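One chain comes next, on its own, written out as structure tokens in the form deposited in one PDB entry.
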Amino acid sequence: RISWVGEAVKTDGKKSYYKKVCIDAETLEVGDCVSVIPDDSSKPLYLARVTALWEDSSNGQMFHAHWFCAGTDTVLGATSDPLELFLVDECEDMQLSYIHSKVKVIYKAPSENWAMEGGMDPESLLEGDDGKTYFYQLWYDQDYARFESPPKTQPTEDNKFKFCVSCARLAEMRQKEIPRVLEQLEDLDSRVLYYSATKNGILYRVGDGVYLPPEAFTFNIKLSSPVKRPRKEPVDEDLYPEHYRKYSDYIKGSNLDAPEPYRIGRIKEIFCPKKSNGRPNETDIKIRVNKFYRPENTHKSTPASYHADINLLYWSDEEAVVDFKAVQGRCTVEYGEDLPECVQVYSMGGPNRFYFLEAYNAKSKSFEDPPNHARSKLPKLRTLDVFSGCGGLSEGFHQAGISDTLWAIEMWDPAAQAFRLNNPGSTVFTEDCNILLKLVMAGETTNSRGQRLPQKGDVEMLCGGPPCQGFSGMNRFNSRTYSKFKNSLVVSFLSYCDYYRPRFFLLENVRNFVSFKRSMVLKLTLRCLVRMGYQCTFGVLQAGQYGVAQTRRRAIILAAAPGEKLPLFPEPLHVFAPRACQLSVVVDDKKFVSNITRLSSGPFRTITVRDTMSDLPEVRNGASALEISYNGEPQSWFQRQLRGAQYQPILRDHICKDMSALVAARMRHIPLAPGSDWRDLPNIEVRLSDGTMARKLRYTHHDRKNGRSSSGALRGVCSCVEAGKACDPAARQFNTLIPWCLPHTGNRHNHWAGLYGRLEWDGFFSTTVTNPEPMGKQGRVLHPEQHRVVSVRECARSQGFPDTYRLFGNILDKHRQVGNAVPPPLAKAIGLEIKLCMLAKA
């Protein structure tokens, strides 16, 4: 019934390989595709490709199945094409009995004219199917949700009869994960030295720089005891009646939980212990390294980092031995004097670059000079930026050196004007993108302004962030919301991508984009991208991990054309508060992460509010002078970078909103200590700037949940403080220094923590919003010491904008332009990944 067709080709031990088999009425040769029924009868058929056929000594006939992945098993779920399969690195040996039937699976390769095949309608993009047999076009990575072009691994001249792509690639992954040694250097009594070693595809030689976890070694200087903050001191509960609402010790924006950055070492020795027979134990690789001091690691504490370059180190003669498996990555450490270029050009010339000019003696606590032995382009893509705003994303991409934004679409006129100011020679369209795309498809060459429309082949990269108004909820779809989505700017942006078919595609959005409508917006976006034939992936990034003193999580969808390489998500550059670095995404109870491996530490210290704005001169509430003096040189590395090389005699847009007299008094009465907000306000009468009076807040009702103060005073301010009682209007009090609504509804709003809250110099900004309001949702917008809200310039600094970047309109317009923009450092990290792909193209 089942037997071989022919004679043997290789009798290896207990198995005998054959090239073709016969089962019942059909024949199977290697390369065909088969189905296997799972143990649960209702589950769909498993599909695989047969890569080897043999017979076992004690089991029977066997074959090797390289499994396909059903489209619904991927992140696309039910949105997938019901007959589309994906290549995966899943395979196993299986008894030939399990084979159910032979199936026809074809590879739909993109044509040589793929870039001109776009133009299908949103209905086809969202829901259209191939309407053919089983087909596959992309290889799928299930842990990172990555769709990429199928790998081109070639067989051998001796292992082609039993060749499995999955087996070969898994062997490659294991071998690269193995840390190995290389060319031997010397044989000592105790160990064997080597010149080079390999780990995760990275080569480490003697003298190279190594990242190490902060726990790898300690410094000879003592970590002198910091005075731990005592418990909450008793306060005058009558003078500060709302202080009791601060019973939690969690401070928003604090960096006390931020992890330490990497230890930096220089490889002095690579060695392995010797077995008693003299042969080295190459499974136990050790490295002896020389210690580098960050400035904050010297006897001078954290303050030494305020002015120093973020990549400046001090050589030391201290040494430490660590396991080779503890190395987190390779880095370059150079003595600055013998450098073929200036230190700034070096620092900007590549990743993981550090320099040292002096040495540090921990015992002496002085800076001597290092010893003698311490010594030793592509064309830019023409880019279309849809929903550009003032141009933060385009600016970051340009800083990465990958793009010339030749066309921009921005419907809001002040932001369009700002983009024009910063990008002369770029065509900015203020029309509806649907109107522009319809004109292009109709065959127009110019819009009603005479501006030349981009055509197929002009757009080499497409980037943008589309708003998601009308379907920004977490609840499941219905007919109305789904119609609103398929008529939305997200779908319009996808249509732009389908029509122009650029080499690279970037969709940026708020974090919750990955979860909208039960992750259905994300699933449909990925489905459209796959339908076009694009390689694609998604992830969540924290902007603070790339050089800004701001927590800003954003959703990123990346797509690469066939024949290109799919970019990786950038590894974090700066350590950041872990609470703000939760980047995993749950889709259909499956947890997806990005390729990022830097979870515990990073190469650079976190950027703080001090780094962000310590150099800006003091201004008053309602400051309106558009052009003032810096009154001094930049103080931090961040300030030097954002001020730039050319001297800037004028500071621009250091202006703040003119808050009312009551709000100004409230801000003036917010304490300067970290974590201070409205709950620290004193309950006093104060005469305002306009001659009017701000009155005491009278506590008129009893809060059984919150109780009474130390003086027996009540804590409720309205009848609603009772169980079922409704708000009596007569209980509403006006013009109180402590705003009435905050204690009115504080019990169900986490006591409105952060409203009228001051920033912390050692801390970071909360998400920079379009309009700073102390009593809004994001109310922690007060200056650390000045009695005002943050300025436009301070918001731009929090976003990482260069000081020369031009804004347009009134102060609210400029605030909105800053708030709506992608931070240029984040954009630049993404662009650097894109450049890696550009340089690595086959």
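The term rigid core refers to the maximal set of C-alpha atoms that superpose within 1.5 Å between the two forms. For every residue, the number given is its place in the sequence shown, counted from 1.
Beyond the structure shown, there is the form deposited with a small molecule bound, which is absent from this document and is the topic of what follows.
Trainee: In the deposited complex, does residue 238 come within 4.5 Å of the small molecule, counting heavy atoms only?
Mentor: No, residue 238 sits far enough from the small molecule in the deposited complex that none of its heavy atoms falls within 4.5 Å.
Trainee: Residue 105 near the small molecule in the deposited complex, any heavy atom under 4.5 Å?
Mentor: Answer no; every heavy atom of residue 105 is more than 4.5 Å from the small molecule in the deposited complex.
Trainee: Although the small molecule is absent from this view, report whether residue 820 comes within 4.5 Å of it in the deposited complex, heavy atoms only.
Mentor: Judged by the heavy-atom cut-off of 4.5 Å, residue 820 is in contact with the small molecule in the deposited complex.
Trainee: Under a 4.5 Å heavy atom criterion, is residue 433 part of the interface with the small molecule in the deposited complex?
Mentor: Although the small molecule is absent here, residue 433 would touch it in the deposited complex, with heavy atoms inside 4.5 Å.
Trainee: Pick from 633 to 641, 196 to 204, 437 to 445, 385 to 393: which stretch has non-hydrogen atoms within 4.5 Å of the small molecule in the deposited complex?
Mentor: In the other structure, the partner sits against 385 to 393.
Trainee: Among 699, 315, 412, 761, which has any heavy atom within 4.5 Å of the small molecule in the deposited complex?
Mentor: Looking at 699, 315, 412, 761 one by one, just 412 meets the 4.5 Å heavy-atom criterion.
Trainee: Since exactly one of 308, 489, 362, 667 fits, which has a heavy atom within 4.5 Å of the small molecule in the deposited complex?
Mentor: After the contact test, the surviving option is 489.
Trainee: If I align on the rigid core, exactly one of 618, 728, 172, 187 should have its C-alpha move by 2 Å or more between this form and the one not shown; which residue is that?
Mentor: Single hit from the list, 728.
Trainee: Using the core for the fit, does the CA position of residue 810 change by 2 Å or more between this form and the one not shown?
Mentor: For residue 810, whose C-alpha is compared between this form and the one not shown after core superposition, the shift is less than 2 Å.
Trainee: Does residue 42 move its CA by 2 angstroms or more between this form and the one not shown when the core is aligned?
Mentor: Yes; that C-alpha moves by at least 2 Å between this form and the one not shown.
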